[PDB]
Amino acid sequence: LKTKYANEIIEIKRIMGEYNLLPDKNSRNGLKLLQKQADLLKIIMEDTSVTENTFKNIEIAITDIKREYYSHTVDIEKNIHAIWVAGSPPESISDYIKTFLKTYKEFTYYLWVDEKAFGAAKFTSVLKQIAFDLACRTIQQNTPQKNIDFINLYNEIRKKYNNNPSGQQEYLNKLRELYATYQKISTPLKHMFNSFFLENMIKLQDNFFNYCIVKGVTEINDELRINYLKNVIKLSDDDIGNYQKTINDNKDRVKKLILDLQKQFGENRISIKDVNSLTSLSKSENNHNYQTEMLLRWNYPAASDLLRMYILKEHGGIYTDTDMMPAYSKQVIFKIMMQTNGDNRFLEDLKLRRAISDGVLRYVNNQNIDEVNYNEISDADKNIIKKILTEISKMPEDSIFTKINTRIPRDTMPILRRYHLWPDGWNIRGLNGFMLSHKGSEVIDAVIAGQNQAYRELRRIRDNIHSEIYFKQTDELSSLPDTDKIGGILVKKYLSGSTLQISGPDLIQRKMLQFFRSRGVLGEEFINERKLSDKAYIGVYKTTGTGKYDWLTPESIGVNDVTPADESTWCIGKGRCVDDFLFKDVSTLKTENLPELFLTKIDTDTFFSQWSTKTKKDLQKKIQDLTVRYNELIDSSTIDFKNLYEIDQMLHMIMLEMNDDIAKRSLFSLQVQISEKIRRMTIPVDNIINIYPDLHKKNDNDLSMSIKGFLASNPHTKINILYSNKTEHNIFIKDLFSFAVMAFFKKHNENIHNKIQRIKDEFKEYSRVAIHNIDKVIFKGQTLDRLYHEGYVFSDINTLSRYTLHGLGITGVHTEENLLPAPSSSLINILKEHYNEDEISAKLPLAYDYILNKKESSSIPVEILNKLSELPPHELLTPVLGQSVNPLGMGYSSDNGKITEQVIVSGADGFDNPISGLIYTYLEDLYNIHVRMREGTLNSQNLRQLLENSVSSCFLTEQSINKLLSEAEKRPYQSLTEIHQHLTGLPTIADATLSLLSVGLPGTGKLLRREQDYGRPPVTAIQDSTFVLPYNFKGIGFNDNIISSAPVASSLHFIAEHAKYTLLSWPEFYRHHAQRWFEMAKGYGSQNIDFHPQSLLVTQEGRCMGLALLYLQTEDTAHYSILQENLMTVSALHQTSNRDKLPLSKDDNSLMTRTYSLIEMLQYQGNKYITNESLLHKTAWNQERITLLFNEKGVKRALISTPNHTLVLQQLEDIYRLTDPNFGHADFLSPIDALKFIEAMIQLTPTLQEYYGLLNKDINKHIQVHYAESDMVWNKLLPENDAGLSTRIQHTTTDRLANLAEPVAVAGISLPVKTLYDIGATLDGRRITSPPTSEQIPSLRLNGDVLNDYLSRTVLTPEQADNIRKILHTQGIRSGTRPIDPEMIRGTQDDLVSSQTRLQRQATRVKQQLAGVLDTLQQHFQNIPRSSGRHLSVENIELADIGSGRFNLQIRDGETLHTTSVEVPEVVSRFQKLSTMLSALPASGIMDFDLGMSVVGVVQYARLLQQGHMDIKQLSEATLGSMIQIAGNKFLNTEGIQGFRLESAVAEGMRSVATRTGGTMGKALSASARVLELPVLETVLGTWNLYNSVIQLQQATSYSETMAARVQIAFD
């Protein structure tokens, strides 16, 4: 093992050498080196082949280094800090203070007084009153179905107060009784009350911080607080009077207390320290958590929990609470016991302990001893206490109390331990009311970071827009600040006036535990069984003999906390003060000044009412021009960055050019509304993950695990592994050159090639896992290409590549780490049955190993493994899908509130991305600076140019320029990130993103940046994280816990491998059922039935949840109509692009991509929501129950789910609209009719019933209704941003070109630009968006496919056909497309247009039938018991059943398998109908022109197949032709004449038809028959042969598309 551990042994020797050469071993450096020593020695222990002698030697060494570690102790400063809490009586305060001044003779006392927050109480009270009133109002409005008696009582007692302001105590008593009443309200109502109260209160705090931002204040003092109150509410003179008296009473109280103390002990011994002289109060990392704490608190009589952290951090010493004495003396406890004749009861019960402490305090302060409160104590106990106090009263005052050990281990913060014998039993816990430290402890730093993190997770309710309101987390004392219980605590405290702690002993203990664990092996004496031991506390007591703790001789001297003024004395003994409350009528709230809680419009009638005359007469005209633009920007469901930029820039310029402060505040409110709109309107993320791993890293397991986890988390997740060969080649070359400065080429080359081959072939079978080379994705002119070319070796090259590769269109999640999916709530719940939250994260690696792989770990119980195996892996992990990002298009990981670049999540394809463009320009600027710095020719002016015409020149300050030149002269070669750091001063380019954007968004960008100082999340940082690092299994979000807020698993609707309908054959489903759908809806009383079938989803995967949620979003008829229009447009575009393979304009490919991403994400979210019972109530199908919900429970929207489809029930206006995505919608007057029609339409029709999954099933148990408890939950669920799909009618290119009235002169003929686009005019590689200039006309080409489709769809006039032929002759067909024979371009006269049109219709219909039939035929051919070989060679196609279309097929597969049953009624029924009309025509003159055209088209198609003259697809085609011929033979041949042909028979039939009717239609029939009689035209045969020879093979489409093309050729 010596050679195996040689490197670590050398490391140990180096560490010993460094430790020996240390000027001060008593410093954090030496402690870290000894911790590293212990960790390395434990790693040595991890070796299996270790001898017992080695065990003993290492044990001796470990004991020695541990003893050396524990010898580095520090002496705390002789400071005693006690925070003064407003309203505290000085007398009761002084006594204990006096005590602490007497026992600790050589110490200093600092009363930490904050004069600026003396009134904060009566402000926070007003804020709380406003928040509760807002919650009450929104709760009452949210549930019109019933009234709440408690709210009526609250309002009535407030109005009763509004008559008598003198009776405050009566009002608080009435509030207590009303809380007793409020206890009896329903659990959902209570839950919503708590959530709304907490949210409103956080919003009000954020509003105050925004006021601080606008006023440009540096310190928040009372005056600022009384101005903000005047801003939000109307203050009377008596209310401003009260706020001041408190700030006067508090001042005199602390001044008189300190004077009375100073007269006796001196000014030096006790001094007042101003809390505001703390650096931590002004620290930006602290997010001003102390001001929020002043509001988000429920233990006001107690001191602050962050203040003590700051004080101990910045001054050290001992923090103590006001209400403690020092511990007793040994002699004192000895005489305590010796007056009890062996009775130990006196020293553990609280009553006698408190009485004795009261007695000793009264004696020590030279007060009378007999005056102790002897209530609730028996006469014998009172007598004995009187005597024992009389005994303790003889001894000197100096021999009563005892001091504590002042020398503590370095970077440790001892905590008081408390014992309390409760009637049930013992209570032992840690308390933060007495703490020790020395200045600059790192444990205090960890605890402060933990408190900030806790405040972040508490703010998560308001920060996280996707925060599930109704999710009842089980009470488990989780680390997370569970929001519901905190809100309940606050509501109880606000109502009654009298557990959980965000910042408290629980958090301090947890953070100390984490720190001691991170310390290493040296923390073992502090940690026991996943908890801090007695060596981390003071006052611990040993049990000796029996379980009783030996009260004499403590292990560690503590502090006496059972006090007359303990935490249990002001509940009853000390009455509640009234100077911490200020009654305020919130009915006159100024809502126009509250953008956070209320979204206000800019209405000119009262926006300027409060403006002064000068600013009005100057800027009112400029503002009113913004009314329409600002209103349309705010009310929009999409973000248009041009309008946002222009509106914000002009608002900022208006604000800069004015001196008023009221008007400035109104425009700041507009800016804040804009910023909130930006925060809310988030966009989906592409379901793609790209990993940019190290290629010479030794580890491989982590990357493989990440790929497997992301494959299993969802079957649609595309995984990209991006590597650069040039980077590794340059790295090897640089290594070789360095080795030269101070035959490995073959070894390195084989190593890298082998590793890449291994990763490539180990996921070879997965098509989603793609390994890409970055050298072949980027262009030659890009920055990254030059970076590789000149040999950029710096470690940043990877991160830059991510940015580069996001500019090339590669969307999704870019990462350099082996990132893993987050566990879902189901896996967490499974693990919670055995492990606790501090062990779940450590056991998660084993769970992931057993889920992704099949490895079983003996360190986990078999029950957990079995519970894991029963679930799909996609139910235990969280996919990329369903995650959303900021509308700016980039998100970043966070780390304690500071965004990082570990993960770069990058919007979605088709969505606008400002940060992408800004990043690209910035990277080019950095490259230019770098290249001109390399030579050393950069000076100021060169930089001025290098940054001209770029937003990055904003960073060009004098100090930045000086630093850039200084670094250039210091060392000429510098990396890009270091260059950006020099130029901007920011650590990461992610940090520079908001600075770059601020140029185009002044004010709003500045406001969003300033929000980060007040706790608000960075706009570019993601909050919900669905990923976890492998090395700690910790989330990457802003405010998230992956073990207590884990996401809910979303069920995936697995579907059969064969689909009933394809894209080509889909419209048949709607066509066959549309008439019955209409008649069913009309039969039940519907009065508005509209048909907008969807063509976006033809496979029932996802159960059409996206369109259902889209239709559910709308609450108005107008928005519904708009949404229906854009959905029809997108379905038409999808049909054009995918069914017809027609290229689309880049301005409609983006619209379709946006709609598809939105639908996919909403479908994922809806599937997740329906399965989660706590989110939406789910009920079985019952018409009575659903009618009851929609009539009495006040439900407005609901989802009706069959096993395969989703329907939408809505309450738009006064009608109930049922929406079926495939059939449109129908509205009914009453819910009962809607439910009845739903039942009838799903049940009566057989094919519809089978398609929906309800065939041969009881619909009463397979139809489920999902609804929400409150309507606004949908507002929380359904997203506000939707790419404008429900607010503005999106326009296609064709619509925009149709508006242009100027024609283009091409080839000597002037034609409209719309028509030029229609024939497929191709600008360069793409099509025409804008009218080409005169010079671009020679460059125009024509796309063959688009021209073919245009001709097939349109009935041109002869001159139009001549013009198109001329254009084709002049400008040729675009290369690579379908050639179009000019002779095929013909036009028709007016009289034969209708008929012509109808023919075209038939073609489509026939295609959409034949294609479907072919699939069945193909399907029929795929079920053959054939023994491979693909030689079916069917040799008989006879038909048996005429009324069913049954063909007896004798198949010569080599085994003579003969399947004499095929159900093809499509082919036989048409020929049947044509035969019966022909035979009965002389009696029945009814003339169906469409049927005749379809028959002539199918006959012509069959004839063309015959002239064409054997795999499954082509054999199915041939058989279909043969069956058309067989049905024609059967139905048309009156007698069995051999000398017949279908062409002549059909043509003669139609010629007779035309001879009967005559007219234009008769002429069309005769022309079609004549076409059938004469042989096929040379042009038609040439087209057919060229297609089948080149075009069919060149395309990769399936056989259905080729068959549809052939049917189209025949119909043409």
# chains A, B, ... in the order shown; residues from 1 in each chain; ligands from 1
call {"tool": "select_by_dssp", "arguments": {"residues": "region 1294-1538 of chain A", "states": "strand (DSSP E or B)", "output": "PyMOL selection string"}}
result
chain A and resi 1303-1306+1309-1312+1321-1322+1341-1342+1373+1434-1436+1439-1441+1446-1447+1449-1451+1458-1459+1463
call {"tool": "write_last_selection", "arguments": {"atoms": "N, CA and C atoms", "output": "PDB file, in the first residue's frame"}}
result
ATOM      1  N   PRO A1303     -47.703  45.589 -56.350  1.00  0.00           N
ATOM      2  CA  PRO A1303     -47.284  44.372 -57.047  1.00  0.00           C
ATOM      3  C   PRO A1303     -45.819  44.417 -57.460  1.00  0.00           C
ATOM      4  N   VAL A1304     -45.256  43.227 -57.630  1.00  0.00           N
ATOM      5  CA  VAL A1304     -43.866  43.051 -58.029  1.00  0.00           C
ATOM      6  C   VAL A1304     -43.833  42.710 -59.510  1.00  0.00           C
ATOM      7  N   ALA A1305     -42.937  43.358 -60.249  1.00  0.00           N
ATOM      8  CA  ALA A1305     -42.766  43.095 -61.675  1.00  0.00           C
ATOM      9  C   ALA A1305     -41.696  42.023 -61.837  1.00  0.00           C
ATOM     10  N   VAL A1306     -42.133  40.793 -62.091  1.00  0.00           N
ATOM     11  CA  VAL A1306     -41.250  39.653 -62.299  1.00  0.00           C
ATOM     12  C   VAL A1306     -41.445  39.163 -63.725  1.00  0.00           C
ATOM     13  N   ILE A1309     -44.158  40.680 -65.935  1.00  0.00           N
ATOM     14  CA  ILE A1309     -45.551  40.696 -65.506  1.00  0.00           C
ATOM     15  C   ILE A1309     -45.610  41.128 -64.048  1.00  0.00           C
ATOM     16  N   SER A1310     -46.563  42.000 -63.735  1.00  0.00           N
ATOM     17  CA  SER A1310     -46.735  42.510 -62.382  1.00  0.00           C
ATOM     18  C   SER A1310     -47.759  41.651 -61.653  1.00  0.00           C
ATOM     19  N   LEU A1311     -47.322  40.991 -60.588  1.00  0.00           N
ATOM     20  CA  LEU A1311     -48.171  40.115 -59.800  1.00  0.00           C
ATOM     21  C   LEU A1311     -48.089  40.495 -58.330  1.00  0.00           C
ATOM     22  N   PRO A1312     -49.154  40.263 -57.566  1.00  0.00           N
ATOM     23  CA  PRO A1312     -49.119  40.608 -56.141  1.00  0.00           C
ATOM     24  C   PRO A1312     -48.080  39.788 -55.393  1.00  0.00           C
ATOM     25  N   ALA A1321     -41.990  31.546 -54.099  1.00  0.00           N
ATOM     26  CA  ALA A1321     -40.854  32.389 -54.465  1.00  0.00           C
ATOM     27  C   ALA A1321     -39.807  32.322 -53.365  1.00  0.00           C
ATOM     28  N   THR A1322     -38.609  31.860 -53.705  1.00  0.00           N
ATOM     29  CA  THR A1322     -37.585  31.532 -52.720  1.00  0.00           C
ATOM     30  C   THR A1322     -36.489  32.596 -52.744  1.00  0.00           C
ATOM     31  N   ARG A1341     -35.907  32.148 -57.219  1.00  0.00           N
ATOM     32  CA  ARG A1341     -36.198  30.812 -57.722  1.00  0.00           C
ATOM     33  C   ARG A1341     -37.582  30.396 -57.228  1.00  0.00           C
ATOM     34  N   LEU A1342     -38.006  29.196 -57.609  1.00  0.00           N
ATOM     35  CA  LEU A1342     -39.300  28.664 -57.201  1.00  0.00           C
ATOM     36  C   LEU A1342     -39.114  27.299 -56.560  1.00  0.00           C
ATOM     37  N   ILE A1373     -36.848  26.160 -61.370  1.00  0.00           N
ATOM     38  CA  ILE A1373     -37.199  25.512 -60.112  1.00  0.00           C
ATOM     39  C   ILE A1373     -35.995  25.499 -59.180  1.00  0.00           C
ATOM     40  N   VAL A1434     -48.944 -12.517 -52.486  1.00  0.00           N
ATOM     41  CA  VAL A1434     -50.342 -12.924 -52.478  1.00  0.00           C
ATOM     42  C   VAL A1434     -50.789 -13.238 -53.898  1.00  0.00           C
ATOM     43  N   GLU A1435     -51.413 -14.404 -54.077  1.00  0.00           N
ATOM     44  CA  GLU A1435     -51.732 -14.908 -55.406  1.00  0.00           C
ATOM     45  C   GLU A1435     -53.232 -15.074 -55.636  1.00  0.00           C
ATOM     46  N   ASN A1436     -54.068 -14.407 -54.839  1.00  0.00           N
ATOM     47  CA  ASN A1436     -55.512 -14.466 -55.034  1.00  0.00           C
ATOM     48  C   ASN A1436     -56.186 -13.398 -54.178  1.00  0.00           C
ATOM     49  N   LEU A1439     -63.053 -11.654 -53.296  1.00  0.00           N
ATOM     50  CA  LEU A1439     -63.864 -11.083 -52.232  1.00  0.00           C
ATOM     51  C   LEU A1439     -65.067 -11.975 -51.977  1.00  0.00           C
ATOM     52  N   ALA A1440     -65.458 -12.069 -50.709  1.00  0.00           N
ATOM     53  CA  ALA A1440     -66.592 -12.875 -50.290  1.00  0.00           C
ATOM     54  C   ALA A1440     -67.804 -12.037 -49.916  1.00  0.00           C
ATOM     55  N   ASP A1441     -67.646 -11.097 -48.992  1.00  0.00           N
ATOM     56  CA  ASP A1441     -68.768 -10.355 -48.436  1.00  0.00           C
ATOM     57  C   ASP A1441     -68.850  -8.981 -49.082  1.00  0.00           C
ATOM     58  N   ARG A1446     -65.252  -7.719 -47.475  1.00  0.00           N
ATOM     59  CA  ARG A1446     -64.360  -8.788 -47.053  1.00  0.00           C
ATOM     60  C   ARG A1446     -63.700  -9.409 -48.271  1.00  0.00           C
ATOM     61  N   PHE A1447     -62.374  -9.442 -48.270  1.00  0.00           N
ATOM     62  CA  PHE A1447     -61.597 -10.029 -49.347  1.00  0.00           C
ATOM     63  C   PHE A1447     -60.922 -11.290 -48.831  1.00  0.00           C
ATOM     64  N   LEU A1449     -57.893 -13.419 -49.167  1.00  0.00           N
ATOM     65  CA  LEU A1449     -56.545 -13.339 -49.709  1.00  0.00           C
ATOM     66  C   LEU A1449     -55.831 -14.667 -49.507  1.00  0.00           C
ATOM     67  N   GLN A1450     -55.410 -15.277 -50.607  1.00  0.00           N
ATOM     68  CA  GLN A1450     -54.549 -16.450 -50.582  1.00  0.00           C
ATOM     69  C   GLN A1450     -53.113 -15.980 -50.758  1.00  0.00           C
ATOM     70  N   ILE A1451     -52.279 -16.221 -49.750  1.00  0.00           N
ATOM     71  CA  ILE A1451     -50.949 -15.628 -49.668  1.00  0.00           C
ATOM     72  C   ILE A1451     -49.911 -16.734 -49.799  1.00  0.00           C
ATOM     73  N   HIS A1458     -53.175 -18.445 -45.455  1.00  0.00           N
ATOM     74  CA  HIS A1458     -54.265 -17.895 -46.252  1.00  0.00           C
ATOM     75  C   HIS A1458     -55.245 -17.199 -45.321  1.00  0.00           C
ATOM     76  N   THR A1459     -55.205 -15.872 -45.301  1.00  0.00           N
ATOM     77  CA  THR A1459     -56.057 -15.067 -44.431  1.00  0.00           C
ATOM     78  C   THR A1459     -57.216 -14.562 -45.274  1.00  0.00           C
ATOM     79  N   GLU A1463     -61.172  -6.433 -43.655  1.00  0.00           N
ATOM     80  CA  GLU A1463     -62.301  -5.512 -43.555  1.00  0.00           C
ATOM     81  C   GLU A1463     -61.923  -4.196 -44.225  1.00  0.00           C
TER      82      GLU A1463
END
call {"tool": "residues_around", "arguments": {"residues": "residue 105 (chain A)", "least_positions_apart": "4", "cutoff": "12 Å", "atoms": "only C-alpha atoms", "output": "list in words"}}
result
residues 78, 79, 80, 98, 99, 100, 101, 109, 265, 269, 270, 398, 401, 402 and 403 of chain A
call {"tool": "atom_distance", "arguments": {"atom1": "CA of residue 1092 (chain A)", "atom2": "CA of residue 1352 (chain A)"}}
result
24.1 Å
call {"tool": "residues_around", "arguments": {"residues": "residue 336 (chain A)", "least_positions_apart": "3", "cutoff": "8 Å", "atoms": "only C-alpha atoms", "output": "list in words"}}
result
residues 332, 333, 339, 340, 388 and 392 of chain A
call {"tool": "residues_around", "arguments": {"residues": "residue 982 (chain A)", "least_positions_apart": "4", "cutoff": "8 Å", "atoms": "only C-alpha atoms", "output": "list in words"}}
result
residues 960, 963, 964, 967 and 978 of chain A
call {"tool": "residues_around", "arguments": {"residues": "region 638-645 of chain A", "least_positions_apart": "4", "cutoff": "7 Å", "atoms": "only C-alpha atoms", "output": "mmCIF file with C-alpha atoms, in the first residue's frame"}}
result
data_model
loop_
_atom_site.group_PDB
_atom_site.id
_atom_site.type_symbol
_atom_site.label_atom_id
_atom_site.label_comp_id
_atom_site.auth_asym_id
_atom_site.auth_seq_id
_atom_site.Cartn_x
_atom_site.Cartn_y
_atom_site.Cartn_z
ATOM 1 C CA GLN A 649 -36.544 54.114 -22.007
ATOM 2 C CA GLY A 1000 -31.619 48.921 -23.253
ATOM 3 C CA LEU A 1001 -33.726 48.818 -20.073
ATOM 4 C CA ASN A 1281 -47.410 33.998 -20.172
ATOM 5 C CA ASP A 1282 -48.662 32.009 -23.183
ATOM 6 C CA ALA A 1283 -46.846 33.495 -26.218
ATOM 7 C CA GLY A 1284 -49.849 35.728 -26.869
#
call {"tool": "atom_distance", "arguments": {"atom1": "CA of residue 1219 (chain A)", "atom2": "CA of residue 1106 (chain A)"}}
result
12.9 Å
call {"tool": "closest_atom_pairs", "arguments": {"of": "region 343-447 of chain A", "to": "region 517-540 of chain A", "cutoff": "8 Å", "atoms": "only C-alpha atoms", "output": "Markdown table"}}
result
| residue | atom | partner | partner_atom | distance |
| --- | --- | --- | --- | --- |
| A:413 | CA | A:536 | CA | 7.8 |
| A:414 | CA | A:537 | CA | 5.1 |
| A:415 | CA | A:537 | CA | 4.7 |
| A:416 | CA | A:538 | CA | 4.9 |
| A:417 | CA | A:539 | CA | 5.6 |
| A:418 | CA | A:539 | CA | 7.6 |
| A:430 | CA | A:537 | CA | 7.6 |
call {"tool": "write_last_selection", "arguments": {"atoms": "N, CA, C and O atoms", "output": "PDB file, in the first residue's frame"}}
result
ATOM      1  N   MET A 413     -18.710  28.075  19.402  1.00  0.00           N
ATOM      2  CA  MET A 413     -19.643  29.006  20.026  1.00  0.00           C
ATOM      3  C   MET A 413     -20.489  28.182  20.989  1.00  0.00           C
ATOM      4  O   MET A 413     -21.507  27.597  20.600  1.00  0.00           O
ATOM      5  N   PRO A 414     -20.058  28.050  22.239  1.00  0.00           N
ATOM      6  CA  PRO A 414     -20.836  27.264  23.200  1.00  0.00           C
ATOM      7  C   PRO A 414     -22.220  27.848  23.435  1.00  0.00           C
ATOM      8  O   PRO A 414     -22.432  29.057  23.358  1.00  0.00           O
ATOM      9  N   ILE A 415     -23.164  26.956  23.719  1.00  0.00           N
ATOM     10  CA  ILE A 415     -24.583  27.264  23.823  1.00  0.00           C
ATOM     11  C   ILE A 415     -25.083  26.756  25.168  1.00  0.00           C
ATOM     12  O   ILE A 415     -24.609  25.731  25.667  1.00  0.00           O
ATOM     13  N   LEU A 416     -26.021  27.480  25.766  1.00  0.00           N
ATOM     14  CA  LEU A 416     -26.566  27.064  27.050  1.00  0.00           C
ATOM     15  C   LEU A 416     -27.492  25.862  26.889  1.00  0.00           C
ATOM     16  O   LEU A 416     -28.279  25.788  25.944  1.00  0.00           O
ATOM     17  N   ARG A 417     -27.390  24.913  27.820  1.00  0.00           N
ATOM     18  CA  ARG A 417     -28.277  23.759  27.889  1.00  0.00           C
ATOM     19  C   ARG A 417     -29.234  23.900  29.064  1.00  0.00           C
ATOM     20  O   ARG A 417     -28.830  24.279  30.167  1.00  0.00           O
ATOM     21  N   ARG A 418     -30.497  23.567  28.825  1.00  0.00           N
ATOM     22  CA  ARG A 418     -31.582  23.822  29.754  1.00  0.00           C
ATOM     23  C   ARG A 418     -32.264  22.511  30.113  1.00  0.00           C
ATOM     24  O   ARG A 418     -32.630  21.736  29.219  1.00  0.00           O
ATOM     25  N   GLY A 430     -31.193  23.052  23.896  1.00  0.00           N
ATOM     26  CA  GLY A 430     -30.299  24.188  23.809  1.00  0.00           C
ATOM     27  C   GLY A 430     -31.056  25.499  23.693  1.00  0.00           C
ATOM     28  O   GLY A 430     -32.168  25.563  23.174  1.00  0.00           O
TER      29      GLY A 430
END
call {"tool": "decode", "arguments": {"residues": "region 1194-1212 of chain A", "atoms": "C-alpha atoms", "output": "short mmCIF file (atom, residue, chain, number, x, y, z; two decimals), in the first residue's frame"}}
result
data_model
loop_
_atom_site.label_atom_id
_atom_site.label_comp_id
_atom_site.auth_asym_id
_atom_site.auth_seq_id
_atom_site.Cartn_x
_atom_site.Cartn_y
_atom_site.Cartn_z
CA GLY A 1194 -69.31 27.75 -6.97
CA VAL A 1195 -67.06 25.84 -9.38
CA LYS A 1196 -66.46 27.56 -12.72
CA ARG A 1197 -63.96 25.32 -14.57
CA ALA A 1198 -63.39 21.56 -14.56
CA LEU A 1199 -61.59 18.85 -16.51
CA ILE A 1200 -63.44 15.70 -17.55
CA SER A 1201 -60.94 12.89 -18.09
CA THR A 1202 -61.55 9.61 -19.84
CA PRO A 1203 -58.69 7.08 -19.96
CA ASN A 1204 -57.58 8.58 -23.29
CA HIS A 1205 -59.13 12.05 -23.74
CA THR A 1206 -59.67 15.28 -21.83
CA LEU A 1207 -62.71 17.55 -22.20
CA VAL A 1208 -63.13 21.01 -20.69
CA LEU A 1209 -66.19 22.34 -18.86
CA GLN A 1210 -66.30 26.10 -18.32
CA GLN A 1211 -68.69 28.74 -17.00
CA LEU A 1212 -67.97 31.57 -19.42
#
